[PDB]
Amino acid sequence: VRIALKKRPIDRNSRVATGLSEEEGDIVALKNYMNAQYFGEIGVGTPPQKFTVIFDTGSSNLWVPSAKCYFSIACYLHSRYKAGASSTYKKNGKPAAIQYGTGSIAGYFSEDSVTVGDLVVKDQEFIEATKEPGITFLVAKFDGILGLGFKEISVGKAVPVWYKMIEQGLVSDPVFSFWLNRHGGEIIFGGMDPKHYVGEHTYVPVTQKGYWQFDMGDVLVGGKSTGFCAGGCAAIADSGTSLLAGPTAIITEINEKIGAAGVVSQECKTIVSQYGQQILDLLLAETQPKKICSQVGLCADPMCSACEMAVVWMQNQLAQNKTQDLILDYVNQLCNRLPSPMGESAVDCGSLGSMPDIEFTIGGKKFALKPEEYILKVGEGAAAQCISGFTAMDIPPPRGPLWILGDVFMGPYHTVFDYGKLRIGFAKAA
């Protein structure tokens, strides 16, 4: 089954909105859909009521606004499910609400027949939004989210549309792929088109069944490592997002080498002066890095985090055999490129010429991303506005320091979410 997608590229209004707007656990509460660029259509009910939705590998719920949503100004800009105008409707008033990064939705469950392409998924239980506050839904160019993730992370434990279609007998292979590079795109449930990619797919298994997350490796920028992820890093291939979200340590090194704006951090300028040489010498003395911020006496917390990071940038500078006398002054500069959680990390659009391809190691393979794949342009030519397609998600501690690979990576790389073989696979997009 072939599901076309339309690409509505991030514009000026979403950036100003994202600008004027967690970690321990939930990545769902971390999602920002204003960073969505590919939309599809489904239909809930009989006859089919049409809704633009985001096909999200990073969520496991389907939800659409309810006709019963009277108070959110957002519901007055999006479509609504009218249960009574639907023959096949079954009422499951179980209340529910999902908190995401730039918004929230609360409503109650219900059921009906959902239609993707030409599959009529019956009994599909879903959430009708009786309220959906947040700026993500104010600016939204979609109506719902159709979750393509695992049931484990499903609100109210509802059975996803994929589980239903890939059981009721609707799909061929219990696989599905996204080709977000129709230079629009296209999802295909139960298969994949060998015309959407060059060569074979590198398959790495799903490590934690909840998210479509696999164990990735290192991140290199311009050939040089970032060190932080060399010892492994989790990743979630999420099609309900664009920007690549990773550790702040790595992102701050990428902004330097890429020339991305970045905000000035004082705690960092502080660890540099006050503790700079202490940390370095401890590293030169080959003291255990973990033990450094503890010995040096910094591990309140906000300062301990600037230190931990400082230590990591330093080990890589030493790891890259860089001369000591410059490491402090270097780590001092990164302190000026901290990822701004508001102001976009804008890059000069002409400066793409001298940018370094960054790469990620997955499956033993290094998947490169040229500067014209990882920098986004959001504006009017002459005065357009390019930005680093990276974000700082301070990797859910112990929930795995992780990356979220979306449109920016899944755009250049054909992704095949393999449910039967519980693994993901990447191929060069055609």
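This entry lists X-ray crystallography as its structure determination method and reports a resolution of 2.3 Å.

Mapped onto this numbering, the UniProt entry gives "active site" at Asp56 and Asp238. Judged by relative accessible area, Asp56 falls into the buried class, the value being 0%. Position of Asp238 among the secondary structure elements: in the loop between β15 (233-237) and β16 (244-246). What makes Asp238 buried here is its relative accessible area of 3%. Setting aside anything within four residues of it in sequence, one finds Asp238 in contact with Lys31, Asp56, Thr57, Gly58, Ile404, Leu405, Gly406, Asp407 and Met410.

Among the 11 residues of helix α4 (residues 248-258), nine are classified as buried, and the element is accordingly described as predominantly covered. Looking only at α4, the buried set comprises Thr248, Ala249, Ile250, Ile251, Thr252, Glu253, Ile254, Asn255 and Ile258. Trailing α4 by a residue or two, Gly259 shows a phi angle of about 85°, which is positive.

Quick look at the pairing of strand β2 (residues 38-44) now. Of all seven residues making up β2, six are buried, and the element is well covered by its neighbours. Looking at chain direction, strand β1 (residues 2-7) and β2 are connected through two bridges and run antiparallel. What sits directly across from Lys7, in β2, is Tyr38. Where β2 meets strand β6 (residues 103-116), two bridges bridge the pair, whose relative direction is antiparallel. Following the sheet pairing, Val44 is matched in β6 by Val114.

Right, let's get into the domain arrangement of the chain. Taken domain by domain, the chain comprises domain 1 (1-191), domain 2 (192-262 + 340-430) and domain 3 (263-339). Taking the mean C-alpha position of each, domain 1 and domain 2 sit 24 Å from one another. Each partner contributes residues to the interface: domain 1 has 43 residues there, and domain 2 has 44 residues. Broken down by secondary-structure element, the contributors of at least two residues to the side of domain 1 that touches domain 2 are α1 (12-19), β3 (49-56), α3 (161-165), β9 (175-179) and β10 (185-189). No other element matches the five residues that β9 contributes to the side of domain 1 that touches domain 2. A class-by-class count of the residues in the side of domain 1 that touches domain 2 yields 21 nonpolar, 12 polar and 10 charged.

Here the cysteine sulfurs of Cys69 and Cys75 are separated by 2.0 Å, meaning the disulfide UniProt annotates for them is intact. Residues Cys69 and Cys75 agree in their burial class; the two are buried.

Another point: the side chain of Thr57. Looking at where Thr57 falls in the secondary structure, it is placed in the loop between β3 and β4 (62-65). Within the structure, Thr57 has its side chain in polar contact with the backbone oxygen of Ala237 (distance 3.0 Å). Contact partners of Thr57, with chain neighbours within four places excluded, come to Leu148, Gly149, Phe176, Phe178, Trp212, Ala237, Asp238, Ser239 and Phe417.

Turning to its location among the elements, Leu338 is positioned in the loop between α8 (324-334) and β17 (346-347). Each C-alpha atom of the pair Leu338 and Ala392 lies 9.2 Å from the other, and the pair is 54 residues apart in sequence. Once residues within four sequence positions are removed from consideration, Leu338 is found in contact with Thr248, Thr252, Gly262, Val263, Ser265, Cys268, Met309 and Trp313.

A covalent bond between the sulfur atoms of two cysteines is referred to as a disulfide. Tallied over the full model, the rule gives six disulfides. Through a disulfide, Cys268 is tied to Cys335; the S-S separation comes to 2.0 Å. Measuring handedness by torsion sign, the sulfur bridge of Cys268 and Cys335 sits at about -70° and is left-handed. Residues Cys268 and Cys335 agree in their burial class; the two are buried. The disulfide partner of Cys299 is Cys304, and the S-S distance across this bridge is 2.0 Å. Between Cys299 and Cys304, the S-S dihedral sits near 110°, and the bridge is therefore right-handed. When its relative accessible area of 41% is taken as the criterion, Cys299 is described as partly exposed. By relative accessible area, which is 16% here, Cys304 ends up buried. Here the disulfide map of the chain reads 1-2, 3-4, 5-10, 6-9, 7-8, 11-12, the bonded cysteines being numbered as they appear in the sequence.

Tallied over the entire structure, the rule returns 10 salt bridges. One salt bridge in this structure joins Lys31 and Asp238, with 2.9 Å as the shortest N-O distance. Grouping residues by exposure puts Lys31 and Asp238 together as buried. By sharing partners, the salt bridges in this structure join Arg2, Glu186 and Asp193 into a single network.

What follows is about the sheet that holds strand β21 (residues 386-388). Spatially, the three strands line up as an open sheet ordered β17-β21-β20, and their pairing is antiparallel. Bordering the open sheet on either side are β17 and β20 (375-377), each of which pairs with just one other strand. Note: β17 against β21, two bridges, orientation antiparallel. Paired with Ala346 across the two strands is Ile387, which belongs to β21.

Another point: the nonpolar core. Grouped together as the largest cluster of nonpolar side chains are 73 residues, with contacts concentrated most on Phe55, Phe189, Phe214, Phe360, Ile362, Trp403 and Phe409. Two domains each put at least three residues into this core: domain 1 (1-191) and domain 2 (192-262 + 340-430).

The rules behind these values
- Residues numbered from 1 in each chain as written, not as in the entry; some residues may be left out.
- Heavy atoms only, no water.
- Residues with missing side-chain atoms left out of burial classes, pairs and counts.
- UniProt positions renumbered as here; feature names shortened; annotations may be inferred.
- Buried < 20%, exposed > 50% of the residue type's maximum accessible area, 1.4 Å probe, protein only.
- Helix = DSSP H or I, 4+ residues; strand = E, 2+ residues; numbered from the N terminus.
- Contact = heavy atoms within 4.5 Å.
- Pairing = 2+ DSSP bridges.
- Domains from an automatic or database assignment.
- Nonpolar A, V, L, I, M, F, W, Y, C, P; charged D, E, K, R; others polar.
- Disulfide = S-S within 2.5 Å.
- Polar contact = N/O pair within 3.5 Å; in protein donor to acceptor, adjacent residues only side chain to side chain.
- Salt bridge = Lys/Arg side-chain N within 4 Å of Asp/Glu carboxyl O.
- Core = buried A, V, L, I, M, F, W, Y, C linked by side-chain atoms within 4.5 Å.

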